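Peer 1: Once you've had a glance at the structure underneath, I'll fire off some questions.
Every number here is computed from the coordinates shown, using simple stated rules; none is lab data. Cβ atoms come from the backbone with ideal geometry, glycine included; neighbour counts cover every protein chain shown.
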RNA sequence: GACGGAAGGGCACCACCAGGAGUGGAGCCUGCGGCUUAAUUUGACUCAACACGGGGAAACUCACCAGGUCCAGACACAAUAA
RNA sequence: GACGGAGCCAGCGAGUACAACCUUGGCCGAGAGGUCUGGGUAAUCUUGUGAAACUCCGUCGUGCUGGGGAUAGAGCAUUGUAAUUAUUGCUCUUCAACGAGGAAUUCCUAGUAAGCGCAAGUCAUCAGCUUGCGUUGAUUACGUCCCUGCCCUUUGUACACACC
Ligand SMILES: [Mg+2]
Ligand SMILES: [Mg+2]
Ligand SMILES: [Mg+2]
Ligand SMILES: [Mg+2]
Ligand SMILES: [Mg+2]
Ligand SMILES: [Mg+2]
Ligand SMILES: [Mg+2]
Ligand SMILES: [Mg+2]
Ligand SMILES: [Mg+2]
Ligand SMILES: [Mg+2]
């Protein structure tokens, strides 16, 4: 409820936020994925990226 | 969506992945295997694979409907635009995820690990594939943790003989 | 030797409008002034004024302690005891010449400035 | 291009604006030796004067030199605005100045003194003998005094 | 958590209407979709409801996945009084 | 009863090539059966979506990189054809994977 | 209209395209003569095929080369290749087999591509090194 | 099995020859270690740590230090209680 | 070689919605960067990414000198609620160490080495970084086990925490 609990979280690490764990380190924003690297590694074959070259 | 084609495709892929994850989380007892997303301009179809179909359905159509509702809520879809179809896999002993789930269930009930693994291997053999291997890592009722191999038939490891001809599932079991 | 702030002499600036000072200032300062005015230094100026009032007028005011190292002073202050926060410690600073338009953080050195080697 | 051989008229090594100006450097680049005078701006000054750049240091007649000096010391009148000179805007007069030879250093010293008086971070750093403009002293500046 | 009672009631009503609730782990934020309330409160309410059976919960991709059992539904109805034969979507209406 | 020629572009999008090929074949067959003016399935520069990522989840170890790539196939078709019937045609036959997009203009 | 042959030239990624027609004696790079190309030194490289064959074999020709890609040297090489290829194509179409053979012989006393397109294409730059084969710099301790 | 300043037989430009190109020298740049500090958060220490944690951090990040809020303590039962 | 002009040529990318992207073209400013407009949520528009390095005409000419641009001043913008402990950028002036680098050691055998850029990743703003392209394009091997390892075979081991 507090109108003093949050300052601007506009960019960098604020709005630039994870879409799996809730982390902030290693954020591939390419094609608007917003996934962490490690998670992506174990999921990319389902999202559709592979090891062709 | 109106967004770029490439981006749209990526988003769809991500959505699919998310769906898969959800199914893995939720449909443990329901015996989940795999998901497909078919998109027609008016109707979005998701085909779910499972072993205990009645459970997936609910009563008359309890659980599937709720899942559809959830899906609608999540990625913003108008009620009726999305649909679900839960259907059997004709060979349960080929889809790796299903096998993994079965193994997990065996473990949580209180079975011996080795025995369970052997049972799973036997089941796979009965189903009919050109060999399978089971890897069980961690504590095997010991303070020091080890690795296990339960191999039958013959395996492949490198190439495009991997993809399509192989199914791989990693599933972790939490215990006391 | 007296002092000229930016052309305009010492005495005239102790009671002088802010806008004029901004106009006759570095570009960064101008930009700062442009960007945000309402409810941005809250009432730092007001506090300073109050402090000035409470003083015997010939004496320097009571210490006003700010966490704002970011603050650039306007020439309406000057001769005001602004305690600047250095993470833990309040640093006392007195201003007479053109530290006006310069950040308060510059005068309270944050890191404790070295001992090192003893050789 | 000049076919002119020139007789004994040019005297090398000139004493101009107190600091010694050396011989046969190309006018602009002869002037650069003086502090406050720098390449591009020297060239500009020369252009303003209306002396051909492709000449010797000793070649310059006295009048031309005088003109150049005038241009340097009083810059604003000869169409040289802000993106031009040394102390733009300035802290002491409001007018901009193209400080020279033994002035710029003095100004710098004065600034340092003022900083010291008013105990600012930069001033403190200068007093110490440390690097100011965003440098990591983990490796930077091991030459000392 | 202590939620303004009316808001809580509204949330409950919405849940009943749906049979499905989301609200991501996006705390502090102004407002949830569909229901015009602060999200944290909603989440807490949901958790409370779950604590005794009632609702289901999954944390997947920070989403929260809230659906009620029939007993839970009954309890919800009791909480908000509401006459017989008012349906979520567990009771089938359409054709597929 | 309408009978009005549209002059319409139809774009396909697919991560899978075989499915796309099948769809193209289907479209060609449709064109043949109804006898319609077309520009034959035109290929595009296939956008390869490269995500360069260190394989290590901790960083401690040797510098190993993996470029996880997704080759995306476009392929479009241009149909100079009538109205309602054409619309009906350009809706049916769906393969899993490939996305069909029909635009507008009359 | 008079039949005319289209040819191309490749090196690295540079693409030349020559158009050989029947006419007066044109030899053109984009919109300019071979007397220009670019680097002045490498003017002889593009002129070389002509020198080899005989300049009289051009008294009835029109040549125009559209060149895109590469850098400069590569472009020049591509142009040269295209010209050679253009000539051979023309011979194939309009002239005689013995003539073609002669042309080939003249070229193959050098074989700086000319009639045969070059292999040797850029190798991908791998990770853990600035170059394709070049590894980084091993530090140890 | 390992190991041998053992023996044969083979290999390799993280081996060398025949050579490049340099770094190590200079300044800077970034990362360490070491010292300092309220804190300089940390994990890496032969390749296989040291432009590595995607780590090009002004808040965020975030972990550290100095301060100030907040309950996000479900639920159970006791008491409080209109 | 640097410094001026003037020639002129690339390939990967990436880029707008339920937000504030890549930005052209025309006027501002001497730069950066503003500004009204449109194009482009993609082979189309930015972008032929007219990219450097190079190419030609000059100017300078064995000089810590126009080589080097660190360090310092002072000023104008930009991003951001917030730039001081220069965020960056641009103009200025300031011109140090540095005459090809000890013992040492890395990397490389063909479109490779190196030079040279660019785009992307990070990103609100910033590349000296990585990751991928593409221009320019050599020299010398095609071999041996001497040093450093590795592989198997035999051999000897008072060693299996296995020569640390
Ligand atoms: Mg095999
Ligand atoms: Mg193989
Ligand atoms: Mg190794
Ligand atoms: Mg980095
Ligand atoms: Mg220079
Ligand atoms: Mg240079
Ligand atoms: Mg191109
Ligand atoms: Mg010099
Ligand atoms: Mg920074
Ligand atoms: Mg020993």
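Peer 1: Among the residues of region G:1-43, write down those that are more than 15 Å from the chain's Cα centre (by Cα), in a loop (DSSP other than H, G, I, E, B) and over 18 Å from residue G:71 (Cβ atoms).
Peer 2: G:1, G:2, G:3, G:4, G:23, G:24, G:25, G:31, G:35 - these are the residues of region G:1-43 that are more than 15 Å from the chain's Cα centre (by Cα), in a loop (DSSP other than H, G, I, E, B) and over 18 Å from residue G:71 (Cβ atoms).
Peer 1: Among the residues of region D:56-84, how many are more than 11 Å from residue D:45 (Cβ to Cβ) and surrounded by 14 or more Cβ atoms within 10 Å (Cβ to Cβ)?
Peer 2: 8
Peer 1: Against the definition (more than 14 Å from chain B (Cβ to nearest Cβ) and part of a helix (DSSP H, G or I)), how does residue E:11 come out, yes or no?
Peer 2: yes
Peer 1: Pairs needed: first member in region E:25-42, on the phi > 0 side of the Ramachandran plot and more than 10 Å from chain A (Cβ to nearest Cβ); second member anywhere, outside any loop (DSSP other than H, G, I, E, B) and surrounded by 14 or more Cβ atoms within 10 Å (Cβ to Cβ); C-beta distance under 7 Å; at least 6 residues apart or different chains.
Peer 2: Final answer for the pair search is E:34/E:14.
Peer 1: Of the conditions (1) more than 14 Å from chain C (Cβ to nearest Cβ); (2) closer than 24 Å to residue C:4 by Cβ; (3) out of contact with any helix residue (DSSP H, G or I) (no Cβ under 6 Å at 6 or more places or on another chain), residue D:8 clears all except one; give me its number.
Peer 2: The single condition residue D:8 does not satisfy is (2).
Peer 1: Could you list, in sequence order, the residues of region B:21-38 that are more than 9 Å from every other protein chain (Cβ to nearest Cβ) and surrounded by fewer than 18 Cβ atoms within 10 Å (Cβ to Cβ)?
Peer 2: B:28, B:29, B:34
Peer 1: Return the residues of region A:24-43 that are within 6 Å of RNA strand H (Cβ to nearest atom) and in a loop (DSSP other than H, G, I, E, B); say none if nothing qualifies.
Peer 2: The answer is A:24, A:25, A:26.
Peer 1: Assuming residue C:34 fulfils every condition listed in (1) within 14 Å of the chain's Cα centre (by Cα); (2) within 28 Å of residue D:89 (Cα to Cα) apart from one, which condition is it?
Peer 2: (1)
Peer 1: Looking only at region F:52-92, filter to residues that are within 14 Å of chain G (Cβ to nearest Cβ) and assigned to a strand (DSSP E or B); which one of those is nearest to residue B:39 (Cα to Cα)?
Peer 2: F:69
Peer 1: Scan the helices (runs of 4 or more DSSP H) fully inside region C:1-63 and keep the ones with 2 or more residues being surrounded by 15 or more Cβ atoms within 10 Å (Cβ to Cβ) and in contact with a helix residue (DSSP H, G or I) (Cβ under 9 Å, 6 or more places away or on another chain).
Peer 2: C:18-23, C:27-34
Peer 1: Report yes if residue E:24 is in a helix (DSSP H, G or I) and surrounded by 13 or more Cβ atoms within 10 Å (Cβ to Cβ), otherwise no.
Peer 2: In short, no.
Peer 1: Of all residues in region G:117-132 being more than 23 Å from residue G:15 (Cα to Cα) and surrounded by 12 or more Cβ atoms within 10 Å (Cβ to Cβ), which is nearest to the other protein chains (Cβ to nearest Cβ)?
Peer 2: G:127
Peer 1: Look at region D:88-118 and say how many of its residues are within 17 Å of residue C:3 (Cβ to Cβ) and crowded, with 16+ Cβ neighbours inside 10 Å.
Peer 2: 7
Peer 1: Let me ask something else. Does region B:140-176 hold any residues that are free of Cβ contacts under 8 Å to residues at least 24 places away in the same chain, away from ligand 1 (no atom under 14 Å from the Cβ) and in a loop (DSSP other than H, G, I, E, B), and which are they?
Peer 2: Listed by number, the residues that qualify are B:142, B:143, B:144, B:145, B:163, B:164, B:172, B:174, B:176.
Table: residues versus (1) within 16 Å of the chain's Cα centre (by Cα); (2) within 14 Å of chain E (Cβ to nearest Cβ); (3) touching a residue at least 60 places away in the same chain (Cβ under 8 Å); (4) loosely packed, with under 14 Cβ neighbours inside 10 Å.
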{"position": "B:5", "(1), (2), (3), (4)": "no, no, no, no"}
{"position": "B:19", "(1), (2), (3), (4)": "yes, yes, no, no"}
{"position": "B:60", "(1), (2), (3), (4)": "no, yes, no, yes"}
{"position": "B:82", "(1), (2), (3), (4)": "no, yes, no, no"}
{"position": "B:89", "(1), (2), (3), (4)": "yes, no, no, no"}
{"position": "B:104", "(1), (2), (3), (4)": "yes, no, yes, no"}
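Peer 1: Of the conditions (1) more than 10 Å from chain C (Cβ to nearest Cβ); (2) within 25 Å of residue D:38 (Cβ to Cβ), residue D:139 satisfies every one except a single condition; which number is it?
Peer 2: Unmet condition: (2).
Peer 1: With the checklist (1) more than 19 Å from residue G:9 (Cα to Cα); (2) within 12 Å of RNA strand I (Cβ to nearest atom) in hand, flag the one item residue G:73 doesn't pass.
Peer 2: (1)
Peer 1: Could I ask something else about it? Here is a check on your reading of the model: is residue D:122 in a helix (DSSP H, G or I), away from every other protein chain (no Cβ under 12 Å), within 23 Å of residue D:86 (Cβ to Cβ) and away from ligand 1 (no atom under 16 Å from the Cβ)?
Peer 2: It is false that residue D:122 is in a helix (DSSP H, G or I), away from every other protein chain (no Cβ under 12 Å), within 23 Å of residue D:86 (Cβ to Cβ) and away from ligand 1 (no atom under 16 Å from the Cβ).
Peer 1: Residue under question is residue E:69, and the condition is that it be free of Cβ contacts under 8 Å to residues at least 40 places away in the same chain, within 14 Å of chain B (Cβ to nearest Cβ), touching a strand residue (DSSP E or B) at 6+ places or on another chain (Cβ under 9 Å) and more than 21 Å from residue B:76 (Cα to Cα); does it hold?
Peer 2: yes
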